[PDB]
Every structure is written in structure tokens, then in C-alpha cells.
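Right, one structure below, let's go through it.
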Amino acid sequence: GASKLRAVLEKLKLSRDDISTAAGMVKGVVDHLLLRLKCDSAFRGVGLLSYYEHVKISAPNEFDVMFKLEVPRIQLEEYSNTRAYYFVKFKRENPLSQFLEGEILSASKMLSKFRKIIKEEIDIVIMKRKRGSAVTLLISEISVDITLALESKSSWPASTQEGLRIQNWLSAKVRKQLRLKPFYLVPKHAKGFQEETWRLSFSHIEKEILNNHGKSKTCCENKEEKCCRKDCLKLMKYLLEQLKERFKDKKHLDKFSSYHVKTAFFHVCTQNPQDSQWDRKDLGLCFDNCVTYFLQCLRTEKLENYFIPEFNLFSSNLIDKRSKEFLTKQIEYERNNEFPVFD
Amino acid sequence: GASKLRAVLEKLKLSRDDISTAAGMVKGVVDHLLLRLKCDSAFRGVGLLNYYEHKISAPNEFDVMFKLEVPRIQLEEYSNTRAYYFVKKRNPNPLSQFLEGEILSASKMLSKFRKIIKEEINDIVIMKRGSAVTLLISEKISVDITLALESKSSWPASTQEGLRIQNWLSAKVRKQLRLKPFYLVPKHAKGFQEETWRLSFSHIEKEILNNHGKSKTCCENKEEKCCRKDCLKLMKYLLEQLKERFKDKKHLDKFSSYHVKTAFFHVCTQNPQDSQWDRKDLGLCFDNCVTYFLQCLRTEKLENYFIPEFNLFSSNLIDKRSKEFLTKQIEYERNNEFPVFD
Ligand SMILES: COc1ccc2c(C)c(CCC(=O)N(CC(=O)O)CC(=O)O)c(=O)oc2c1
Ligand SMILES: [Zn+2]
Ligand SMILES: [Zn+2]
């Protein structure tokens with residue numbers, strides 16, 4: 001019954017076309033903000049990490065952008081064996097020294113000035129406060145979440161050593177090339193709460209793996225090699241967002257995000273490395289297997305971060321068992337009934 | 001005689017295994033040359049491009065390229081040659097001491113390049129008598145050093161229809177590769193014009209050869225072993241053994257591994273599927289590579305892989321008699337199970 005799936009994919013592509021003008025508005029504001037920010041000595045190396053992303057596939061007018069800032073000769077200290085959260089210290093003048101709180105970089109000090117500079121130039125289209133990762137701009141009745149990210153061109157942290165298990169899918173050579181790219185750190189407090197910590201971010205790798213996703217270099221570049229990998233992820237994200245909207249009056253689904261669906265999907269890509277396992281003619285079965293994998297993650301309360309295998313996104317310290325059970329029931333309901341939430 | 005081909009590949013592997021000491025020696029010398037060159041104001045941004053590459057049958061003979069970025073470069077094509085350019089946007093520019101009117105003199109630049117290298121090796125190596133220096137390290141290792149300008153601007157218009165890898169390595173990869181810099185190496189053209197620079201894509205040729213499959217996991221497991229690289233090795237070895245057997249007739253001095261490599265890349269474009277290169281078929285794959293090279297020689301057509309309007313086999317570059325001689329020798333070798341491999 002993939003035809004209803006194809007209908008959803010049809011209407012998602014229409015809303016993407018109808019938004020292209022809004023993306024141009026975001027580019028104009030973002031470039032303007034960036035020009036101002038590079039005049040400040042603390043944010044001289046600021047730059048864009050495309051130019052935008054859509055955390056919510058069903059909200060085409062809500063944009064997400066990342067501003068990166070390179071931190072040379074960074075030294076990381078893992079917070080409380082969390083594998084993903086770190087204090088930032090410097091090895092050796094330092095343009096970020098005004099942000100130190102002792103020997104660690106203060107995320108609170110950095111965000112405070114970041115928020116202030118953006119406030120000064122938004123001389124332009126309002127700006128909204130965040131609930132660390134920093135501000136939400138509203139543009140001409142279009143919202144743009146801006147995240148600040150430190151960039152490190154050093155070897156990835158040791159907690160990633162066993163992650164990104166793409167060797168049998170995208171190749172060991174590609175894994176080597178990707179792990180030579182930088183990694184990013186976004187301000188994120190760790191749970192009272194531990195402030196001044198930063199969380200690893202690999203959004204740039206996730207984008208690369210999704211847009212260059214086949215074992216074949218020519219996957220999806222011709223008729224004989226069209227796969228349905230991207231469409232399966234679109235439909236998984238749309239399923240979660242529709243369930244989150246339908247049950248927004250309950251607390252049960254608040255903690256689930258497109259990141260969980262995306263992580264599960266990357267694991268499915270690892271389990272199913274051959275392009276022939278993703279023939280676009282099998283979209284119905286491919287999507288069902290994606291849903292099924294996500295459900296197994298929910299039931300077992302195991303969803304390893306794709307880059308940091310010891311970090312369990314579905315730990316009961318993060319999402320209570322009752323919420324996963326609720327999501328499990330609702331997805332199983334949808335699947336048994338040809339996804340009424342897609343109507 | 002496919003087993004004879006594997007015997008050659010075996011012998012070549014042992015040769016390169018017994019050189020990694022010599023390769024480490026050139027890195028030492030190359031590292032010292034770069035440090036001093038960087039002390040010069042005109043070569044401040046110099047660095048390695050590759051570290052050292054090889055003549056497949058001469059494992060103690062190394063080739064290295066020193067790159068130097070030239071920001072806001074302006075190129076003027078020389079006499080419609082598609083590959084050769086005068087280098088000319090800004091105003092006297094760390095290289096202004098090398099200008100001659102508005103053009104960068106390759107002659108001047110190469111003269112300082114050699115002089116700095118010559119004074120440095122005297123501080124430790126013999127320089128042999130434009131693309132630039134040959135060093136003799138001890139009396140065993142040769143290192144050919146080429147200077148290249150680097151430009152991070154979009155590639156010249158003469159490359160627009162080149163690099164036709166879309167059906168093999170993908171259009172996505174071609175776009176990624178064409179976002180990389182391009183290089184210019186001092187090389188005289190045509191008498192001769194002495195201030196021209198020739199486009200170089202050595203870094204792309206390396207990328208394509210080492211990441212060579214339609215499958216990203218080509219050669220990464222038993223099921224996907226292909227013979228692309230071994231075919232290129234055997235093509236180069238065949239030309240080198242012929243060039244050495246007939247060195248004193250000089251009829252083959254004009255042919256180089258670059259012609260072989262260019263024909264090989266065209267064969268890859270013609271045969272884009274990894275299943276066409278199954279290591280089990282090495283004998284037939286090599287024969288087909290040889291046959292393609294022979295067809296290029298007979299038709300006097302071997303387009304540059306990056307610059308399609310540049311014919312490497314034009315009679316302006318290689319006379320008909322020389323191609324006919326090489327054709328005769330290769331056909332003889334192929335008919336007799338390649339005695340020159342012995
Ligand atoms: C690369 O290493 C990591 C390690 C961990 C993460 C995590 C935890 C998330 C967020 C998951 C999520 O939806 N949230 C709430 C929850 O945890 O249920 C909101 C939030 O905490 O922001 C993420 O987006 O990326 C991560 C990347
Ligand atoms: Zn695909
Ligand atoms: Zn291969």
C-alpha cells in the first residue's frame with residue numbers, strides 16, 4: 001500500500017517548492033547577521049555550517065541554522081563519563097579568553113554575548129529567547145533557530161572511535177575521509193543541571209551521509225539506480241511529527257525528536273548496506289522495515305547515537321518507559337491501519 | 001599468458017616493498033627544502049601537493065610537486081592551445097619580483113626556485129643539469145621536483161567538457177572534484193614560447209585512481225576486487241620496458257606514462273561498471289587496455305582527459321613514424337606473451 005506513502009511524499013515536495021522564497025529571506029538575514037558578527041574579535045572566524053535545515057519536515061517555515069566558530073588547539077575534558085558532553089579548555093592572545101571561567105570556556109558567557117550581538121543588529125523581523133542550543137528569529141510573519149557551534153579540526157574524541165559504522169555500506173575509505181573532517185561542539189547543559197558543558201555535533205556528517213547515501217556512487221543519478229532511502233527518512237520524520245501534533249495535549253511524546261528517527265534510520269542503513277535493498281519499487285516494504293526497526297529500539301530502550309555508540313538516546317534516564325510504550329502503541333496502530341495520521 | 005601478468009605484478013610489489021626506506025629519505029630532504037623556501041617572501045605559501053610518486057620500473061626515482069597558491073589569478077590562453085596559459089588581478093603581490101610587464105615569468109620564477117634549492121642542498125645531494133630540478137640523494141635516489149601554481153578559482157573553460165566521469169564515478173563526484181583547485185606548471189610551448197604555464201590535474205588523477213570504483217567499496221573485500229589498478233601498472237610497465245629496450249633508437253623517448261594513464265582513464269570511462277574489471281578477467285582486461293592504446297596510436301587521437309580539445313597524439317607533438325614504431329613493438333609483444341616483461 002505504498003501509494004498513500006507516495007501521496008504524502010507528493011504533498012511534502014509541493015510545500016518545499018512553495019517555501020523557496022522564504023529560504024531566500026533567511027539567507028539575506030543570515031548573511032547580514034554574519035557580517036556584523038565577524039566584526040567582533042570573539043566571533044571573527046564565524047561562518048555558516050546548504051545554509052539551513054528543517055528539524056520539522058512538516059513545518060516548512062521553521063528553519064534551523066548553525067553558526068560555526070573555529071577553536072584552534074582545543075582540549076576537551078569529558079563531563080561525568082557522559083561520552084557526549086565536554087568541558088572546553090585551551091592548550092595555549094586567545095580571542096575567546098574574555099569568555100573563560102577559570103580554565104574552561106563558559107558557554108553561558110559565550111551565549112550571552114552571542115545573544116547580545118544578534119539583538120543589536122536585528123537595526124533591521126523580531127528576535128525570541130531560547131529555553132543553550134541560542135536564539136529564534138522571526139522574519140516577516142518564518143522563524144529561524146540559530147545554534148552556535150565551536151569547530152575543532154582535531155581528531156574526533158575517543159568516544160567516537162567505534163561509531164559511524166559505515167564501512168560495509170559507504171566504505172572504510174569514506175569513513176576515514178569523514179573522520180578527517182572537523183567536529184562541532186554546541187552549548188548544552190547536562191543533567192539541577194551542569195552548565196558550561198558542550199555537546200558533540202556531527203550535523204555536517206549526517207547531511208553528507210544522507211545526500212551521498214548509496215554504496216554505488218551513482219545511486220539515484222539515473223533510472224536504474226533510484227533508491228528510496230531519503231523517502232523512508234522523510235516518511236519516518238513526518239510520522240513522528242504528525243503523532244507529536246496529534247498528542248501534543250499529553251506529555252508522552254514531548255521528548256522524541258526527528259533526531260531519534262534519523263539515528264534509527266542510519267542504523268537501518270548500516271544493517272541494509274546494498275542499494276538493491278532500497279529499490280524505489282519496494283518503498284512500501286522499505287518504510288515498513290524502517291518503522292519496525294524504530295519500534296524495536298523503543299521496546300528494547302536501545303537507540304545508540306550513530307557517532308557515539310555508548311550514548312543511548314533511549315536510556316530510561318532520558319525517556320521514561322511509559323512514553324516509549326505510548327509511542328510504540330500509536331505507531332503500531334498507525335501501521336495496522338495504513339497510517340490514518342497521513343490523511 | 002595471464003599468469004605471466006601476475007608474475008610481473010608480484011615482482012613489482014616486491015620492488016616497491018624494498019624502497020620504503022628510500023621514500024623516507026626523500027621526505028627528509030623535501031622537508032628541509034620546503035622550510036628554506038618558506039623563508040623566501042615569494043615562496044612563503046609553498047607546500048607539498050601530493051608526498052612522493054613514481055616510472056613504475058624505477059622505484060628509486062621519485063617525483064614531487066611543490067605547490068604555491070596564487071590568489072586572484074588571471075589567465076590568458078596562449079595561441080588557442082587550450083592547455084597553455086600566460087599568468088597575469090591585483091597589483092605588485094609577493095610574486096611581483098618575477099613579473100615581466102603584466103605576465104608572471106616562468107623563467108624568472110624557476111631561476112629563483114632552482115637557486116634556493118641549490119644553496120640548500122649544499123647545506124647537507126647533486127642537482128642535475130621547465131617542469132624544474134632533479135636531485136640525486138646519495139648516489140641512489142633521484143627526486144624530480146616540479147613547481148606548480150595553485151589557483152582555487154573555477155577551472156578554465158577548456159576543461160568544461162573534460163573529466164567525463166559522470167557514468168563511472170558520478171556527477172556528484174565530478175562536481176566535487178571540479179571544486180578543488182587547479183595547478184599550473186611552467187612549461188614552454190610550440191621556436192618555443194618560454195613564459196607559458198600548463199594546466200596540471202595530478203591531484204585529481206590520484207584521487208580517481210585510488211578511489212576508482214563505481215562501488216564505494218570496490219577492492220575493499222573479496223567480492224569486489226577489480227583489476228583497474230593492475231591494468232594501469234602493467235600498461236606503464238610495458239611502455240617503460242619498451243622505452244628501455246629501444247633507448248638508443250630514441251624513437252620512444254616522446255612517449256610517457258602520462259599517455260598510458262590518459263588512455264587508461266578513457267578506458268575507465270568506456271567501461272564504467274566494476275563487473276567489467278573483475279580481477280578474474282585480468283588477462284582480458286589488460287589485453288583490452290593494450291588494444292585501446294593501440295587504437296589511439298593508429299588513429300593519432302589521445303585527448304587529454306581534462307582538456308578534450310588537446311590531442312596528446314597530435315602529429316605536432318608525436319610524429320607518425322614514432323607511433324607506428326611503438327604500435328609494431330606492442331603488437332609483437334602481445335602476440336608473443338610479452339617477452340619484454342621478462
Ligand atoms: C552527537 O552526540 C549527540 C549526543 C546526544 C544527543 C542528544 C541527546 C540529542 C537530543 C535528543 C532529543 O530529542 N532531546 C531530548 C531527549 O534526549 O529525549 C533534546 C535535547 O536534549 O536536545 C541530539 O539532538 O543530539 C545528540 C548528539
Ligand atoms: Zn539512492
Ligand atoms: Zn577496485
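What you see below is based on every heavy atom in this structure, not just the backbone, and it leaves out hydrogens, waters and symmetry mates. We name chains A, B, ... by the order of the sequence lines, and we start the count at 1 in each one.
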A:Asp231/A:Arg6 ion pair, N-O < 4.0 Å: no

A:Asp31/A:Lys27 salt bridge by N-O under 4.0 Å criterion: yes

Note: B:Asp63-B:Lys55 ion pair, threshold 4.0 Å (strictly below): no

Residues 259-271 of chain A: residues contacting chain B (heavy atom under 4.5 Å, by number): none

Residues that B:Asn211 engages under side-chain contact (heavy atoms from CB on, under 4.5 Å), provided they are two or more places apart: A:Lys173, A:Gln177, A:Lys217

Partners passing side-chain contact (heavy atoms from CB on, under 4.5 Å) against B:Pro156 (at least two apart in sequence or in another chain): B:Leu75, B:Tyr85, B:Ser158, B:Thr159, B:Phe182, B:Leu199

Residue list, side chain to side chain donor-acceptor pair (under 3.5 Å) with B:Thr291, at least two apart or on another chain: B:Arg334

